[PDB]
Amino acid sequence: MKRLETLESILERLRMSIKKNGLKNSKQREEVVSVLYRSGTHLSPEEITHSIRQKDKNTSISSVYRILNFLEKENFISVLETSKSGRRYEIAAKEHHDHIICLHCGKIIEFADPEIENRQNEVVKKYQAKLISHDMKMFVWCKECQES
């Protein structure tokens, strides 16, 4: 895996933010962040709650949302909207990429296409604008869901 920051560094920043805000449940906040860091992959709140529940039965999805919102707000993690509410999360410390999203099964495929990246800048420059960031997702039926 390629990450833009170390987990240790992320944890120290998290711990500082936690102390700063006087937040409780340091243990689970750290767990959620570590699960995403190690996965690289895009997980649903349900899959995250499932993941950390294995260690502590006290875990509720409501608590996880408070965690994911905290983590999202502090830019520790990134959120992907897959539906009207369907959402998935990944560690924020990854190289830029866009998303192919299978409507059927939910599979996420990362991509970064040089031609699209370049053309986007070209379009914007036609307006003498400066490209800061972009949000681009393609919704598909994946090859496996088509064979199904």
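Residue numbers run from 1 along the displayed sequence.
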On average, which has the higher Cα B-factor in the deposited entry, 18 to 26 or 126 to 134? 18 to 26
Please compare 113 to 121 with 59 to 67 and say which has the higher mean C-alpha temperature factor in the record. 59 to 67
When you compare the CA B-factors of 94, 87, 107, 99 as listed in the entry, which one comes out on top? 87
Is residue 34 in the lowest, middle or highest third of its chain when residues are ranked by C-alpha B-factor? lowest
